[PDB]
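To find a chain, count down the sequence lines: A is the first, B the second, and so on, and within it residues start at 1. Indexing begins at 1, ligand by ligand and atom by atom, following the structure's order.
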Protein chains: 2
Amino acid sequence: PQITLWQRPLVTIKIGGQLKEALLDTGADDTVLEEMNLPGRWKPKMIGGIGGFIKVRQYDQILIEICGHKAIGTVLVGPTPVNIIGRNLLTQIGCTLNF
Amino acid sequence: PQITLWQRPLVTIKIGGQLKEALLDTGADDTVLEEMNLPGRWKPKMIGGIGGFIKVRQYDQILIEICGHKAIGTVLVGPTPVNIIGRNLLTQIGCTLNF
Ligand SMILES: COC(=O)N[C@H](C(=O)NCCC[C@@H]1CNCCO1)C(c1ccccc1)c1ccccc1
Ligand SMILES: [Cl-]
Ligand SMILES: [Cl-]
Ligand SMILES: [Cl-]
């Protein structure tokens, strides 16, 4: 699809048996989701943006479905104010910026 | 042009006659640049990021060129980790997300 930027680019995602709303974010290196349970081992990480840093749990090889496209990658879980789909998963669905 | 997301979508911008590097960020409602001098009056604005909120200076009707595309709009100045081109200016240059 072609997603305009007149509004925030929010999409429905499917992850760990849950349906969540998330923002397609080209400015984010990583995918960051609000607190939720995920399977497997995890490692702590600090991620920073505007306002400073937050502590998150890093889960690897997580299956996530975005607009019918199945993608696998690292998902960060923590106290983010908005669910973000970062470049690590956008590349997997073939997402590009065009102008 | 078409920009893939395997690397950060950093582009050259021109503002106040000077070249700077900025990130095309579909996850940002607004354009936020590192400390610099801009003409005229400014208004206060609070913007929220992954780590919390920051105070910035809002300047309106500012000429800014992005990849050679001329835009005139709102530019925020403050303590950002990187210069960010947000949706307010991405819409002016006809930028969309595609997959
Ligand atoms: C070590 O890598 C980083 O620290 N990466 C930062 C990152 O990906 N942060 C995740 C949230 C970004 C989202 C972006 N959209 C709004 C919600 O916040 C990243 C950064 C890039 C270039 C230079 C320094 C920083 C960035 C980018 C934008 C704003 C703030 C920070
Ligand atoms: Cl990944
Ligand atoms: Cl590709
Ligand atoms: Cl604007």
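Side-chain contact of B:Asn98 with A:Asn98: a donor-acceptor pair under 3.5 Å is present, judged by distance alone.
When the heavy atoms of B:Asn83, B:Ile84, B:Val82 are ranked by distance to atom 24 (C) of ligand 1, first place goes to B:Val82. Heavy-atom proximity to atom 9 (N) of ligand 1, evaluated over A:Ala28, A:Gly48, A:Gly27, is greatest for A:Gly48. The residue among A:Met46, B:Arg8, A:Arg87 with a heavy atom at the shortest distance from atom 21 (C) of ligand 1 is B:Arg8.
The backbone N or O of A:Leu5 lies less than 3.5 Å from a partner atom in the side chain of B:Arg87, making a donor-acceptor pair.
Using a 4.0 Å heavy-atom cutoff, B:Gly49 is absent from the residues neighbouring ligand 1. Contact between B:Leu23 and ligand 1 is present, with at least one heavy atom of the residue lying under 4.0 Å from the ligand.
Minimum heavy-atom separation, A:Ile54 to B:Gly51: CG2-CA, 4.1 Å.
With contacts defined as side-chain heavy-atom distances shorter than 4.5 Å, the pair A:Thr74/A:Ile62 does not qualify. Contact annotation: the side chain of B:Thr80 approaches that of B:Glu34 to within less than 4.5 Å [non-hydrogen atoms, C-beta and beyond].
With respect to atom 8 (O) of ligand 1, the closest heavy atom belonging to the protein is A:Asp29 N, 3.0 Å.
Considering backbone and side-chain N/O of B:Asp25, one or more are found under 3.5 Å from N/O of ligand 1.
Within 6.0 Å of CD on A:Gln61 lie no more than 12 heavy atoms contributed by other residues, nucleotides or ligands.
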